[PDB]
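Derivation of every value follows stated rules applied to the coordinates shown; laboratory data play no part. With ideal geometry, Cβ positions are generated from the backbone for all residues, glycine too; neighbour counts draw on all protein chains shown.
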Amino acid sequence: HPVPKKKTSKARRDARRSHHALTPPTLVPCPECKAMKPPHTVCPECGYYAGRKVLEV
Amino acid sequence: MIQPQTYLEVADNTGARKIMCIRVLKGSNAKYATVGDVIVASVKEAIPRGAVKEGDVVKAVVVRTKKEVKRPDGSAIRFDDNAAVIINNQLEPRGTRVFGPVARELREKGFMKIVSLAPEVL
Amino acid sequence: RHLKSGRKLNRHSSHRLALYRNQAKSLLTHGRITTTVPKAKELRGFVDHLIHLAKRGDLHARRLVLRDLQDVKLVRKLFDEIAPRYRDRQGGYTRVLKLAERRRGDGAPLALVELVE
Amino acid sequence: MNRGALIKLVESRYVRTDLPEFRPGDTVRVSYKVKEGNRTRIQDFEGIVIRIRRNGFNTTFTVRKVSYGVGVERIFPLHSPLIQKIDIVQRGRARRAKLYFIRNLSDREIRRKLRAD
Amino acid sequence: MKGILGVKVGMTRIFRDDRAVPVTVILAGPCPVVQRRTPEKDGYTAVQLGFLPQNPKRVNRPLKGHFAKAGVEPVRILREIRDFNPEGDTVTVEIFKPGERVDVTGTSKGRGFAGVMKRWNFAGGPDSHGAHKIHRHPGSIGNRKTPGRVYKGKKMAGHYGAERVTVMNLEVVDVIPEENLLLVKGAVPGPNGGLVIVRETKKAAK
RNA sequence: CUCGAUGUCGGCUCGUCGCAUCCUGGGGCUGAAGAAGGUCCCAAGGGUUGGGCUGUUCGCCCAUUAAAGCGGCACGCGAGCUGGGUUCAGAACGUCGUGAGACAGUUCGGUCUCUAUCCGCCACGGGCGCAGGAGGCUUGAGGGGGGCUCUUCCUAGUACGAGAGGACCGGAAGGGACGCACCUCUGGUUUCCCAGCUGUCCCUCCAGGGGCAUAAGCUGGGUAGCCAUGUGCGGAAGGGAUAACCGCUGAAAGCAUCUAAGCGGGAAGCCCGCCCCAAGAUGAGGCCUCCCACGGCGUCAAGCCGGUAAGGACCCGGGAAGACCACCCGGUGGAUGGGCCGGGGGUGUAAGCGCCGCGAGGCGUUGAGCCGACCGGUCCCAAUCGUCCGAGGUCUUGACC
RNA sequence: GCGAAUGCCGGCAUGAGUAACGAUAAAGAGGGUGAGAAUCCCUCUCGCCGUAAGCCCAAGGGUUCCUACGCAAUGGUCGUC
RNA sequence: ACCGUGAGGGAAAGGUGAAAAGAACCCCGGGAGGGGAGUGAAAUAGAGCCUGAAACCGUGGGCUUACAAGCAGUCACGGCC
């Protein structure tokens, strides 16, 4: 039923996908060891802040 | 508590303790044959003899079901729906009446005679 | 319909209760379990109270919790094996903790939560 | 604090013990008198005997639609603390269960079993 | 003719008879935070606050915009035009007394995003012969070459929950002179336990 | 124009200008006593019910009412329903036609598709800017919202009067339909909150439970939140200018006239005063507070780096704010969530043992047992720990120290 | 010796990263294997059938059935199935 | 091949290099596929791998842009480079 008309072309696909845009992951140093991690989760190394209970097997 | 097209008892000379009211008399925009109000209508039920017939009058609202919140927050709901037939002057048409006390009615006031008339364990 | 909302739940009530239970159980089995973010939030609320009767203790508390998870083995393992240890503490008998990782194809952020030692 | 707090307070202030009545009883068809009055401040120990149906619950409460048979059935709902009332004396029974709203009575009683409860 | 506050709930109260109900309003201490004196801000007025939320946390600038005539630990602040300040701190108590007439208002509870159904009245279309959009939905948006299109500013679905508004006139009913509390009998103009205030106009006949 | 196509009735749903104004007021007029009528000019502000039968818009009838107006936009509305209608084959009669088949004469049924691109509307954010860099309080040009109306009573039964009947003027009370909030009251829901119940498979036989009997199997009730049928409120005054219509002072018409002169009166109407938007009004920002001028290279260096947490951002925990989003308060020197705890309102005396009863159950301990959002304590659990970005402050003219 | 014929054949964009994943009979946990497993393997919770989604004969299909490896393709993604 | 019940319908796909010398071995990887080394006259001649242009999609540089309503453009001029 409602097919547009044609496309402001580039103009469009652009302006749109544009305001879209894509970002990366917010991160900080390990609450113990190396690398970094997100605002609150252990990881496959410094598996903690108080009792890793996690990292390697 | 209210209605337009309605089926409700009466009890006065009533050729049929029931009729059907078109609408509430009050300000053009009825929408609720309100308690202690007054309305327009015809009879629906049968009158042996009577004199009442199968016509239509003007009448006042008694009982109702769903919210009698008196001003002082006194409250009751009738498990029946009726009025007294008035004969236009307002002044009522009949001898007696089946229903009890409870101001809302008298608060309307004008019909004291009603007031006196129906008043007991029935 | 919706606004001021208390107790956040998904699926359908029968399912929900179904989960709350099953997981409540599996965990009671392993101390610590792995699932998705809220799976945990809520499983926390529920297993929380559940262990609370576990400890609560007696023929009644017991009878209730079984009414719930239907199995002595655990019933007891719980009610008398750990429940006590906690029993003196103060609610929140559990730890819900997020991991750095998502389930497949989706990215479902998950974590682990366990009897709180 | 808040709500609970302050409000609880004010009401306390005017509502005061609703004349320590504490005569709730079941649905006793019991009998009372409200100042209910009009015309020449003709306030009358008005007394309706009625089979009590339920109630409203916090500062403001209500000794519910005690249903009574007059000409037909007519039910009377009273605002508790409300100075409106003076006399509230018990006649009938605070007997039989299932919790009010058991208009079962008015519904289709037959005073027979109606009584039978 | 101004009081600043956080309100509680609407609840019933009795009177000479019957009762009806008011709403619980509380205004700790409205205090002269800044004055816009005309030479200063023409719309001369009293800008105040009325309480105090945790001191640890406290922006600098604030610390001092306050400092000015220094007050304390709150964050509840706003202001009103043409309201002299017969004080360097006012209360509510006496500020306002019952048997007085009041106007009042504040935030508007946050509904949601509902069409004709909600938004406005005339609860949409119908139901029995038409179920291809069942019971109701949205009316008609305009016309062919009438204006040649869709209108420009008639009611519409959506956000009609998070907004601000007011209760024209209502009653003072009563004052509990201690914990600056008022029973007003008014339209609980917005959530309870929230941002609310009092102002009072009425130079008109009855 | 339109046919490589513009979906025509009627009806919904949502309407939006017009006035030749129905109701509303202001009006000069009367064959105006009062009253109520009828007659024109001004004024569209708001208002401009329910049924009945008919596919009918029309219309006639029922009952009201202040009134229950005419009409503009393809007789507005199918990319928004509906589709009775008329306008596909049937079969129907009446009617024609030698009949084929026909009749805008009837009659019975007869497949409205629609995953928005533009402009347009309603809302919600990411920009980038209203040349220091900042958190919070504002005043609005001007934009939007509501401006209705009835009945009772006092002055009054006096003004009028033959009498029956009833005025300006002005003042009270109540209601109608409508708009704005909001739960206390009343009330509706409450998908799990409480209670009874049948059948059935499992637990472990008993009782004492569990799923399934929809996405709760069936019932009887149930906060809080959302919500009327429930509750507060509104439609104001009041100020200024005007319409019709009335006068004032006054000539030109050496008397006279509201008249070009200059003055006043004057409608629910117009501007304002009522609420709610808003300087992306780059033609404000006004005010309060507070951070202070780093480093390294061709300069009107308004370019590249760490810089102040002055601030704020991120992420975390929450929020009747909420599709996202932004909005909003908190993040462990804190009650934020959930847990627990007490407390309101829930179900309606539990699970067990005790007691009378062949028994069915009854009664007692139990007005207990279990309790989701409601008021509030309490770090028991989980708000750790950390990251980033974010002034140095243009040129020119005048003013003061 | 060619825009142009809603032309012809073959590329290629556009909606659009919205519509949509084939039934409202539900999942969840634990261990396991793996380069990687919401989406394979074992195992413990729970729902739906059951007179059918159950067995069987015949029809039509015709590879496949198994065992070992393997997934780049194919399953409307995933995937060591 | 494929569509159709049968009759019948009835495509696409040619060109790596002079000749295989066409890819040892080392380097990321589950692989693929990507970096080196040797082929070689070239490999931007590398297995569909001659010549391989138009559409459309990408990465980088100059100019350009948030008080703006114009199919286009385009005549003038100034600021950039």
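Computed values, structure above
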{"quantity": "Hits among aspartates and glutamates - C-alpha to C-alpha of E:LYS118 under 20 Å, sequence gap 8 or more where chains match", "calculated": "E:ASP127, E:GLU163"}
{"quantity": "Distance in nm between pseudo-label sites at E:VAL150 and E:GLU94 (7 Å out along the Cβ direction from Cα)", "calculated": "6.0 nm"}
{"quantity": "20 Å Cα-Cα reach of B:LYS59 towards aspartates and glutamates, excluding residues that sit fewer than 8 places from it in its own chain", "calculated": "B:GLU9, B:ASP12, B:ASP37, B:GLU45, B:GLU68, B:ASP80, B:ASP81, B:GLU92, B:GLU105, B:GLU108"}
{"quantity": "Computed [θ] at 222 nm, deg cm²/dmol, chain D (DSSP H ≥ 4; -39,500 (n - 2.57); rounded to nearest 500)", "calculated": "-6000 deg cm²/dmol"}
{"quantity": "Per-selection Rg to Rh, region D:41-117 - Cα, Kirkwood hydrodynamic radius", "calculated": "0.98"}
{"quantity": "Dipole axis of chain D (+1 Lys, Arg; -1 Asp, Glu on Cβ), positive-most option in D:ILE88, D:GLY25, D:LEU99", "calculated": "D:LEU99"}
{"quantity": "Pairs of alpha carbons in the protein assembly as shown whose separation is greater than 41 Å (percent)", "calculated": "57 percent"}
{"quantity": "Burial ordering of D:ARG39, D:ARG103, fewest other beta-carbon atoms within 10 Å first", "calculated": "D:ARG39, D:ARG103"}
{"quantity": "Ellipticity estimate at 222 nm from DSSP helix runs (n ≥ 4, -39,500 (n - 2.57)) divided over chain B, nearest 500", "calculated": "-2000 deg cm²/dmol"}
{"quantity": "Evaluated over region C:43-96, the Cα radius of gyration and Dmax, each in Å", "calculated": "10.1, 30"}
{"quantity": "Value of D in µm² per second that Stokes-Einstein yields for chain B, Kirkwood Rh from Cα pairs, at 4 °C (1.567 mPa s)", "calculated": "91 µm²/s"}
{"quantity": "Convex hull of chain E built on C-alpha atoms - directionally averaged projected area, nm²", "calculated": "19.9 nm²"}
{"quantity": "Of A:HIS20, A:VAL57, A:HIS1, farthest towards positive along the dipole that unit charges on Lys, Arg, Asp, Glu beta carbons give chain A", "calculated": "A:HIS1"}
{"quantity": "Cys with no candidate disulfide partner in the protein assembly as shown (beta-carbon separation under 4.7 Å rule)", "calculated": "A:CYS43, B:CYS21, E:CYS31"}
{"quantity": "Relative contact order for chain E, counting Cα pairs under 8 Å that sit 6 or more residues apart, in percent", "calculated": "30 percent"}
{"quantity": "Label-point separation, E:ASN55 to C:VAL37 (7 Å along Cα→Cβ), nm", "calculated": "3.8 nm"}
{"quantity": "Cα-projected label distance for D:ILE110 with E:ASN121, points at 7 Å along beta-carbon direction, nm", "calculated": "5.0 nm"}
{"quantity": "Inter-centroid distance (Cα atoms) of region B:28-103 relative to chain A, Å", "calculated": "73 Å"}
{"quantity": "For region E:129-155 and region D:47-117, distance of Cα centres in Å", "calculated": "52 Å"}
{"quantity": "Cα gyration tensor shape of region E:164-206, rounded if a/c is under 1.5, else prolate or oblate by comparing a/b with b/c", "calculated": "oblate"}
{"quantity": "FRET E, pair D:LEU99, D:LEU9, Förster distance 30 Å, beta-carbon r, rounded to 0.05", "calculated": "0.45"}
{"quantity": "Whole-number percent relative contact order across chain D, with pairs defined as alpha carbons under 8 Å at least 6 apart", "calculated": "28 percent"}
{"quantity": "Extension gain from E:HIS137 to E:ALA114, taking 0.36 nm per residue of separation minus the Cα-Cα distance", "calculated": "7.2 nm"}
{"quantity": "Along principal axes, Cα extents of region C:13-117, largest first, whole Å", "calculated": "47, 30, 20"}
{"quantity": "Coordinate range along principal axes, alpha carbons of region D:1-79, Å, largest first", "calculated": "50, 34, 18"}
{"quantity": "Helix-derived mean residue ellipticity, 222 nm - over chain A, DSSP H n ≥ 4, -39500 (n - 2.57), to 500", "calculated": "-6000 deg cm²/dmol"}
{"quantity": "Pairs of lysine residues in chain D - Cα separation under 21 Å, sequence separation of 8 or more or cross-chain", "calculated": "8"}
{"quantity": "Sequence of E:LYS69, D:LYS35 once ranked by neighbouring C-beta atoms within 10 Å, starting from the fewest", "calculated": "E:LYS69, D:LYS35"}
{"quantity": "Set of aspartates and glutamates with alpha-carbon distance to C:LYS73 below 20 Å, sequence-local pairs under 8 removed", "calculated": "C:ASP48, C:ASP58, C:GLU81, C:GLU114"}
{"quantity": "Selection from C:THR36, C:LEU64, C:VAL113 lying farthest towards where the dipole of region C:13-117 points positive, charges on Cβ", "calculated": "C:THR36"}
